[PDB]
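Let me begin by presenting the structure, written as structure tokens, before commenting on it.
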Amino acid sequence: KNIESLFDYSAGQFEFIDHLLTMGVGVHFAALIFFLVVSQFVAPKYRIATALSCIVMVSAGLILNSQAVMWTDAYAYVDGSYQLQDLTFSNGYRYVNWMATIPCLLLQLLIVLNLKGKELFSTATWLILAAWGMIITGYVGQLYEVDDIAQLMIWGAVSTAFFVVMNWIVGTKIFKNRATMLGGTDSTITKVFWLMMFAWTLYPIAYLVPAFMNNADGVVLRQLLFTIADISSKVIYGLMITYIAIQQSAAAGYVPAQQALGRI
Ligand SMILES: *C/C=C(C)/C=C/C=C(C)/C=C/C1=C(C)CCCC1(C)C
Ligand SMILES: CCCCCCCC/C=C\CCCCCCCC(=O)O
Ligand SMILES: [Cl-]
Ligand SMILES: [Cl-]
């Protein structure tokens, strides 16, 4: 049901996609160790924001690892090209993983925005419901990326509605709570918003690839877009969230944070 299954791949195409996924694994698990070691310099009220980056690194790293092995399982070099065998490859498992990873990305944002208690629980709940609506409708949509492009487009429009509303909740909370933030991170959090708008928008572009580039090179392009998007939305994002957490920790008087920033 996926466009990947439609084509044979050149050695170059096949190996490049393998390398993209493998590099993806390496970057996320390398970042994992960084987040782990810097977590001790985060104040208790923000430390979970850095823990969530560890959780996202392993979750994302595992899905990329799984995709890479699925890729090599599904294709074998036969008569001069990589051809589909008995096992299958699908990006559908990425969508399932987003059900977990996107709530984690959203939660760590709410934490460094200094949301607490009732507002935190209510905002997270609405955000996660919007996100799940987006992911589920998008998942249904990509079931038709070969059979019914029109249906892909309509489910995509519904998903985009959830996306836009989710982004509005995010922006509203960011620009409202920006003033509460310490150590100059009121400025930093503004860049985080724009990073999210940029990086998360790469995913619907990848979703539309079967509509505007239904060939083997389109398959490469989509994996390339996912790679840019994953690294930006999880790793670069996580680094900014952790920076914000440490900076606010230091400004709040947490001595390990002050000491850590002092060494650099
Ligand atoms: C780490 C993974 C992330 C941040 C994934 C984000 C995914 C999206 C923003 C997906 C958006 C979609 C649309 C807005 C329309 C087409 C269907 C989706 C689900 C690909
Ligand atoms: C934050 C951005 C992270 C970027 C990650 C992607 C790094 C590698 C990017 C690709 C370089 C272009 C490779 C040339 C493609 C050759 C075409 C092919 O062989 O199929
Ligand atoms: Cl604290
Ligand atoms: Cl993920």
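Each chain in the structure tokens gets a letter, A, B, ..., in the order shown, and its residues are numbered from 1; ligands are numbered from 1 in order too.
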| message | Give me, as an MDAnalysis selection string, all polymer residues having an atom no more than 9 Å from residue 63 in chain A, counting only C-alpha atoms and skipping those fewer than 6 positions away in the same chain. | response | chainID A and resid 25 93:94 97
| message | Counting only C-alpha atoms and all ligand atoms, what are the residues, protein, DNA or RNA alike, that approach ligand 1 to within 7 Å? I want them as JSON, numbers by chain. | response | {"A": [95, 98, 101, 102, 134, 135, 137, 138, 139, 156, 157, 159, 160, 163, 200, 201, 203, 204, 207, 230, 233, 234]}
| query | Taking into account only C-alpha atoms and all ligand atoms, which residue in the set A:6, A:231, A:205, A:74 is nearest to ligand 4? | reply | A:231
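Residue nearest residue 79 in chain A, chosen from A:16, A:34, A:46, A:9 and counting only C-alpha atoms: A:9.
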| said: Just want the residues within 12 Å of ligand 2, written as a PyMOL selection string, counting only C-alpha atoms and all ligand atoms. | reply: chain A and resi 9-28+195+198-199+202+215-237
| task | Return as a PyMOL selection string the full set of residues in range 47-259 of chain A whose backbone-based DSSP assignment is helix (DSSP H, G or I). | result | chain A and resi 47-74+92-112+117-142+149-180+185-207+209-212+216-251+255-259
| task | Measure the distance from CA of residue 29 in chain A to CA of residue 66 in chain A in Å and round it to one decimal. | result | 13.9 Å
Distance filter 12 Å around ligand 3, atoms: only C-alpha atoms and all ligand atoms, out as an mmCIF file with C-alpha atoms, in the first residue's frame:
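Now in part.cif:
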```cif
data_model
loop_
_atom_site.group_PDB
_atom_site.id
_atom_site.type_symbol
_atom_site.label_atom_id
_atom_site.label_comp_id
_atom_site.auth_asym_id
_atom_site.auth_seq_id
_atom_site.Cartn_x
_atom_site.Cartn_y
_atom_site.Cartn_z
ATOM 1 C CA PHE A 41 22.844 20.332 36.042
ATOM 2 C CA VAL A 42 19.096 20.848 35.664
ATOM 3 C CA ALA A 43 16.996 22.036 38.609
ATOM 4 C CA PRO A 44 14.294 19.615 39.876
ATOM 5 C CA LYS A 45 11.405 21.652 38.433
ATOM 6 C CA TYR A 46 12.832 21.329 34.890
ATOM 7 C CA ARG A 47 14.767 18.047 35.070
ATOM 8 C CA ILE A 48 11.903 16.075 33.517
ATOM 9 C CA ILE A 111 7.656 22.366 31.376
ATOM 10 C CA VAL A 112 10.238 25.012 30.412
ATOM 11 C CA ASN A 114 6.889 27.101 33.610
ATOM 12 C CA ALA A 245 16.156 24.409 31.260
ATOM 13 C CA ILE A 246 19.764 24.887 32.441
ATOM 14 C CA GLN A 248 16.481 29.046 33.937
ATOM 15 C CA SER A 249 17.854 26.667 36.565
ATOM 16 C CA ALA A 250 20.924 28.858 37.024
ATOM 17 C CA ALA A 251 18.816 32.017 37.136
ATOM 18 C CA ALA A 252 16.636 30.386 39.799
ATOM 19 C CA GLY A 253 19.727 29.772 41.931
ATOM 20 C CA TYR A 254 20.371 26.084 41.253
ATOM 21 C CA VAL A 255 24.105 25.843 41.981
ATOM 22 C CA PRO A 256 25.013 22.887 39.725
ATOM 23 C CA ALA A 257 23.470 24.810 36.806
#
```
| field | Those in range 13-236 of chain A with strand (DSSP E or B) from DSSP, as a list in words | value |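 Strand (DSSP E or B) members of range 13-236 of chain A, listed: residues 75, 76, 77, 78, 81, 82, 83 and 84 of chain A.
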| task | State, in Å with one decimal place, the distance from CA of residue 262 in chain A to CA of residue 179 in chain A. | result |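 The value is 24.9 Å.
Here CA of residue 104 in chain A stands at a distance of 9.9 Å from CA of residue 124 in chain A.
Nearest-residue note for residue 190 in chain A: choosing from A:115, A:130, A:152, A:109, the minimum distance belongs to A:109, counting only C-alpha atoms.
Using only C-alpha atoms and all ligand atoms, the nearest neighbour of ligand 4 within the list A:100, A:83, A:36, A:214 is A:100.
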| field | Which residue of A:213, A:69, A:260, A:64 approaches ligand 4 most closely, using only C-alpha atoms and all ligand atoms | value |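 Nearest candidate to ligand 4 out of A:213, A:69, A:260, A:64: A:64.
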